[PDB]
Amino acid sequence: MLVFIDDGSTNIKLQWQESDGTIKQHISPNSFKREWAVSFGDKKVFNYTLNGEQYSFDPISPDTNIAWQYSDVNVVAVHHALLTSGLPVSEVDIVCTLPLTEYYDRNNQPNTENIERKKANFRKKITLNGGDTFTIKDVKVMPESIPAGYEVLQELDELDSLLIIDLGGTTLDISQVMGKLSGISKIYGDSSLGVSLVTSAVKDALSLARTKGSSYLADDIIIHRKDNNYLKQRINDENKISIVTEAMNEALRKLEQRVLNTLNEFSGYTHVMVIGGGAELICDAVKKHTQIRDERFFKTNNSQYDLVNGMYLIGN
Amino acid sequence: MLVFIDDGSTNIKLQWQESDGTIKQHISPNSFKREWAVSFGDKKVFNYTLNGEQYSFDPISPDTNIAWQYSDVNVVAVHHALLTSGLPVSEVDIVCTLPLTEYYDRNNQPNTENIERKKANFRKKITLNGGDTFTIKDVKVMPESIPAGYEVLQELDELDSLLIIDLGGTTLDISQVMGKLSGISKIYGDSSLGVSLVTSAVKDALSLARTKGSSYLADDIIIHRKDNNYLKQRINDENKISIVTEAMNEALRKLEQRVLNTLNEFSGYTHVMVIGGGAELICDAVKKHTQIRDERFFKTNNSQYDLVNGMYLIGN
Amino acid sequence: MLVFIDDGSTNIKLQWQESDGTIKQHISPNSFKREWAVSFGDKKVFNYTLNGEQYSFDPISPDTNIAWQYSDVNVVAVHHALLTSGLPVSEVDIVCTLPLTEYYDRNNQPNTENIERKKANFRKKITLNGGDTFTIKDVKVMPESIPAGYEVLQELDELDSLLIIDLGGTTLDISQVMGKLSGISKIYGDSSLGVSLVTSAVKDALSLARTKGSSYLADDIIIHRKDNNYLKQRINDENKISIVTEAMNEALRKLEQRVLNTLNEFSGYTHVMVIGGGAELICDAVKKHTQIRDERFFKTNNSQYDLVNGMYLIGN
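Per the deposited record, the coordinates in this entry were obtained by cryo-EM to a resolution of 18 Å.

Structure below.
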């Protein structure tokens with residue numbers, strides 16, 4: 001079994017193909033705490049032991065990004081993603097990830113130590129309380145932006161170029177790739193903002209415990225921000241709805257504000273693709289800004305999985 | 001009379017100066033129950049009435065942190081600390097405290113409502129059974145980490161920076177301050193762990209009533225964990241000694257595990273200081289990790305009072 | 001009040017004259033982030049709101065150049081420079097700048113849209129948290145290289161010519177001007193390299209956060225690169241000192257390598273002047289190369305302010 005895993009620090013995206021040929025996609029959050037969760041009978045808990053420490057999954061408080069890729073939690077979050085993927089527990093080969101400006105140097109040349117360190121990380125032994133864990137055998141690396149735009153690039157003429165805009169949890173990366181992946185025109189990495197900007201705006205708009213715990217609430221609000229029906233039910237307070245909406249919009253305005261300034265650094269692209277968890281949040285602005293024709297603008301309603309699905313399709 | 005009071009939710013630390021110029025330090029625990037304690041003649045009891053409720057000091061069961069700063073118990077715990085400080089009962093002016101991430105906003109800019117709410121709290125009338133209570137007149141606020149490192153910072157060159165590591169009862173906060181308090185380089189607040197981790201590990205290692213009552217026992221064990229002589233006398237059971245020691249060490253390993261990961265978020269510091277009640281518990285690890293020279297590593301054997309002593313020295 | 005402002009994208013240089021006739025010079029960095037910095041009491045913060053967005057000054061990570069001249073940050077960086085200049089907050093008239101190859105066309109003829117766009121930029125409303133901002137009323141444009149060499153040119157005979165070498169943050173511009181500003185002999189604009197080359201070499205030599213934040217550290221090292229005493233104190237690691245010095249020198253060798261090739265494009269000059277932030281870094285090489293006599297070679301120890309001081313002297 002081969003599983004493609006885009007283990008981002010906000011969400012882990014999984015992709016693999018079944019015996020019947022169907023291609024599966026899964027997303028598991030990076031929400032864990034350094035202690036087992038106790039259950040007296042009604043709550044199903046995931047209690048892990050990674051090196052010596054015990055960990056457990058849970059909707060904790062949202063609080064390095066880079067350090068995380070080689071952390072014990074990363075390993076736990078990945079196994080957990082496997083365990084909750086629906087896949088049968090087994091030995092598995094995986095392909096994981098390390099960002100555009102990390103994979104490529106300043107001259108857009110692919111950039112050993114970090115890579116072997118990444119591989120070595122899944123060499124850590126994990127155990128699940130009252131259950132069995134998958135066995136990670138072989139562990140390939142792919143750049144982030146590119147795999148998501150590949151099936152479109154195949155169709156592009158060598159002279160046209162896809163502008164890929166990825167809005168992640170804590171970074172916004174934009175790249176411009178020549179048709180038929182015949183070259184990387186430009187890469188712009190910006191680790192100063194991501195969806196977490198909006199997330200924290202919501203956790204504050206509603207005095208919310210700044211922990212991964214409330215991240216599910218914050219997410220529901222951001223996602224259903226245009227449906228007052230949903231908002232009313234999720235938020236039992238009428239006053240807090242107008243407030244969260246104002247705070248949510250200023251944060252959104254900041255996102256759109258920046259992606260737009262950055263797009264002015266790119267020119268000559270013929271096609272546009274928006275990916276990442278927050279793709280939906282800046283989609284309209286960039287479409288408007290770039291003024292690219294509908295048939296050349298790419299977006300999906302599963303944006304957080306566009307990368308790992310693209311990776312899956314390439315190396316399946 | 002002016003008393004500097006660092007009223008933490010685990011221990012209240014007092015600092016003030018006498019007529020003869022000697023600077024005094026006192027520590028009183030936050031151990032109270034909602035009911036008067038009855039004494040028929042041999043036990044001295046402290047029975048208070050705060051708003052309408054009666055409270056009494058006692059070694060209760062260890063069981064919000066934030067809510068506590070504006071609670072009726074806080075007021076009681078402070079008065080009690082005054083009453084047991086050795087100071088003569090009188091009208092007094094005080095300086096109390098509110099944490100690094102509360103005192104400073106995200107841009108390390110000092111952060112009104114909470115502050116006035118804090119002051120207003122000591123406006124609550126208290127009475128002592130068979131005795132007189134101090135009278136709290138004026139009530140200044142200081143950030144937590146900084147005051148403890150100030151007298152060292154004065155000696156530091158504007159380019160060097162002190163890394164202050166505070167291990168409290170339920171949180172671990174680390175900050176990096178530029179020499180001569182010429183700027184705050186970084187603040188890392190982590191409310192997920194504190195000494196209470198070890199404390200609860202001990203109360204469980206010895207089926208102990210999880211209440212502030214046994215906290216004195218748990219404390220004695222943690223403190224004398226390296227002296228089998230003391231442990232044997234405090235623990236009449238030989239078997240429970242090896243057990244408590246194993247549970248105590250796993251908890252310690254977790255503390256050291258985390259402070260170390262966090263220190264990897266800090267860089268460029270030239271001096272290191274460890275403070276807070278649990279300073280002694282992570283002292284060796286951070287010294288080893290940071291590999292700072294002995295003459296630049298700061299620790300005391302009164303760590304729980306480093307903050308209030310520092311506050312005392314500044315605003316005496 | 002009239003202030004001459006050379007707002008470069010690395011450093012803003014200010015020049016103006018006081019009532020008592022003394023001519024003042026100030027330099028403020030272009031270091032800001034898109035979010036207010038929070039202070040709980042010890043750090044003085046500068047929190048701005050420019051159009052709708054909030055900005056704050058801070059030593060951020062070093063990451064268009066051209067786009068910056070018409071950006072909201074530019075406005076913020078200028079106001080901030082005014083606020084920290086020592087000047088009393090007031091309504092002020094300013095003269096700002098737009099580079100040699102922008103001010104002059106290919107035939108060295110002065111080159112409307114950009115100019116009005118520049119002026120219009122300071123028309124943006126700004127506010128300071130807990131403070132008042134200056135009021136920008138009238139907003140003249142001067143070429144970059146020339147103003148710095150004017151007081152020397154006045155003394156030059158119409159046949160002699162000053163070779164002005166400006167090493168800025170991201171560009172190196174050289175021009176040759178006839179005595180008594182009687183004509184521009186040649187202009188060579190090179191936007192491929194600047195001091196940022198050395199800067200990034202240092203941030204990498206010391207795994208440093210590539211952000212404007214560490215720019216102050218990188219700067220201190222470059223400036224004190226010949227004093228091991230300073231380097232030892234600024235760098236607590238002995239090993240990192242030899243490394244940063246080797247990386248710093250290769251970058252310097254590249255700078256000297258290029259200015260020298262470029263100087264071979266110029267001939268007939270009788271006097272030489274080196275200006276800009278990095279003047280100090282290539283000063284020795286060009287002096288050696290051109291072999292101009294000491295009394296005809298011009299350099300100062302305030303090179304980053306030579307341009308705005310020259311502008312000040314002309315239009316005061």
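A. Local environment of the overall build of chain A. The helix and strand tally for chain A stands at ten helices and 14 strands. For 316 residues, the compact-globule estimate of 2.2 N^0.38 gives 20 Å, and chain A sits close to it at 20 Å. Principal axes of the C-alpha set define a box for chain A whose edges measure 60 × 55 × 40 Å. For chain A, buried positions account for 48% of its 316 residues.

B. Looking closely at the pairing of strand β3 (residues 23-29) of chain C. Residues and elements named next belong to chain C. Strand direction decides the pairing type here: strand β2 (residues 11-17) and β3, joined by seven bridges, are antiparallel. Residue pairing across strands places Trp16 opposite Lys24, the latter belonging to β3. What sits between β2 and β3 in their antiparallel hairpin is a turn of five residues, with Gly21 showing a positive phi close to 80°.

C. The arrangement of the nonpolar core in detail. Residues and elements named next belong to chain C. Among the nonpolar cores identified, the biggest contains 39 residues, and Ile165, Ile282 and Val286 are the most heavily contacted of them. Elements with a minimum of two residues in this core: β10 (161-167), β11 (172-178), α5 (195-205), α6 (215-223), α7 (228-234), α8 (239-263), β13 (271-275) and α9 (279-290). Excluding residues within four positions of it along the chain, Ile282 makes contact with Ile165, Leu167, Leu172, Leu255, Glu256, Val259 and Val274.

D. Spotlight on the interface of chain B and chain A. Taken residue by residue, the interface counts six residues in chain B and six residues in chain A. Area buried by chain B at its contact with chain A is led by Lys254, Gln257 and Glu265 of chain B, which between them contribute 59% of it. Run the count over chain B and chain A and you get zero salt bridges. Taken together, chain B and chain A are joined by one residue pair in polar contact.

E. How the structure looks around the domain arrangement of chain A. Residue and element names in this part refer to chain A. For chain A, the assigned domains read domain 1 (1-159 + 300-316) and domain 2 (160-299). Inter-centroid distance (C-alpha atoms) of domain 1 to domain 2 is 22 Å. A combined buried area of about 2,800 Å² lies between domain 1 and domain 2, and 63% of that area is made up of carbon and sulfur atoms. Remark: the boundary between domain 1 and domain 2 carries zero salt bridges. Applying the counting criterion to the domain 1 and domain 2 interface returns 14 residue pairs in polar contact. Where the side of domain 1 that touches domain 2 is concerned, the elements lending two or more residues are α2 (100-103) and α4 (145-153). The greatest single-element share of the side of domain 1 that touches domain 2, amounting to seven residues, is contributed by α4. Residue composition of the side of domain 1 that touches domain 2, grouped by class: 14 nonpolar, 13 polar and seven charged.

F. Expanded view of the packing of aromatic side chains. Residues and elements named next belong to chain A. Throughout the structure, instances matching the rule amount to 14 aromatic pairs over all chains. For the pair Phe32 and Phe57, a centre-to-centre distance of 5.6 Å together with 80° between the ring planes defines the contact as edge-to-face. One end of the pair, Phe32, is in strand β4 (residues 32-33); the other, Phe57, is in strand β6 (residues 54-57), and 25 residues separate them in sequence. The class of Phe32 is buried, set by a relative accessible area of 8%.

G. Spotlight on the pattern of salt bridges. Following the criterion strictly, the structure yields 33 salt bridges over all chains and no others. The residue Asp294 of chain A makes a salt bridge to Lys287 of chain A at a minimum N-O spacing of 2.6 Å. Note on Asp294 of chain A: relative accessible area 56%, which makes it exposed. Assessed through its relative accessible area of 21%, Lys287 of chain A is described here as partly exposed. The salt bridge partner of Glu91 of chain B is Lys137 of chain B, with a shortest N-O separation of 2.8 Å. Since its relative accessible area comes to 47%, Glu91 of chain B is described here as partly exposed. Of the residues examined, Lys137 of chain B reaches a relative accessible area of 40% and is grouped as partly exposed.

H. The interface of chain B and chain C, seen in detail. On the chain C side, the residues contacting the 21 residues of chain B number 19 residues. The contact between chain B and chain C buries some 1,500 Å² in all, and 45% of this surface belongs to carbon and sulfur atoms. Considering only the side of chain B, the residues that lose the most area to chain C are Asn107, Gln109 and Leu159 of chain B, jointly responsible for 45% of the buried surface there. Viewed at the interface, chain C and chain B are joined by one salt bridge. The closest approach of N and O atoms between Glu35 of chain C and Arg106 of chain B, which form a salt bridge, is 2.8 Å. In this structure, the connection of chain B to chain C is made through 19 residue pairs in polar contact. Broken down by element, the side of chain B that touches chain C gets its largest block of residues, four residues, from helix α2 (residues 100-103) of chain B.

I. The arrangement of unusual backbone geometry in detail. Even without being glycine, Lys180 of chain B reaches a positive phi, approximately 60°. Turning to its location among the elements, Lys180 of chain B is positioned in the loop between β11 (172-178) and β12 (184-190). Owing to a relative accessible area of 37%, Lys180 of chain B belongs among the partly exposed residues under this scheme. Positive phi, close to 60°, is recorded for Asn108 of chain C, a residue that is not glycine. Turning to its location among the elements, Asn108 of chain C is positioned in the loop between α2 (100-103) and α3 (113-121).

J. View of the side chain of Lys118 of chain B. Residue and element names in this part refer to chain B. Position of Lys118 relative to the elements: it lies in helix α3 (residues 113-121). Given a relative accessible area of 1%, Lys118 falls into the buried group. Excluding anything up to four places from it in sequence, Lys118 contacts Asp7, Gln69, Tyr70, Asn74, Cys96, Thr97 and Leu98.

K. Spatial organisation of the sheet that holds strand β6 (residues 54-57) of chain C. All names here are of chain C. Taken in spatial order, the four strands make up an open sheet running β4-β6-β5-β8, and their pairing is antiparallel. This sheet does not close on itself; its edge strands, each paired only once, are β4 (32-33) and β8 (127-128). Pairing of strand β5 (residues 47-49) with β8 involves two bridges; the strand directions are antiparallel. Its bridge partner being in β8, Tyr48 is matched across the sheet by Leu128.

Rules used in this analysis
Residues numbered from 1 in each chain as written, not as in the entry; some residues may be left out. Chains lettered and ligands numbered in written order. Part of a larger assembly, values for the part shown. Heavy atoms only, no water. Helix = DSSP H or I, 4+ residues; strand = E, 2+ residues; numbered from the N terminus. Rg over C-alpha atoms; globule rule 2.2 N^0.38 Å. Buried < 20%, exposed > 50% of the residue type's maximum accessible area, 1.4 Å probe, protein only. Pairing = 2+ DSSP bridges. Core = buried A, V, L, I, M, F, W, Y, C linked by side-chain atoms within 4.5 Å. Contact = heavy atoms within 4.5 Å. Buried area = accessible area lost by both parts, 1.4 Å probe. Salt bridge = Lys/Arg side-chain N within 4 Å of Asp/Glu carboxyl O. Polar contact = N/O pair within 3.5 Å; in protein donor to acceptor, adjacent residues only side chain to side chain. Domains from an automatic or database assignment. Nonpolar A, V, L, I, M, F, W, Y, C, P; charged D, E, K, R; others polar. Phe/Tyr/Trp six-rings, centres within 6.5 Å; stacked < 30°, edge-to-face > 60°.

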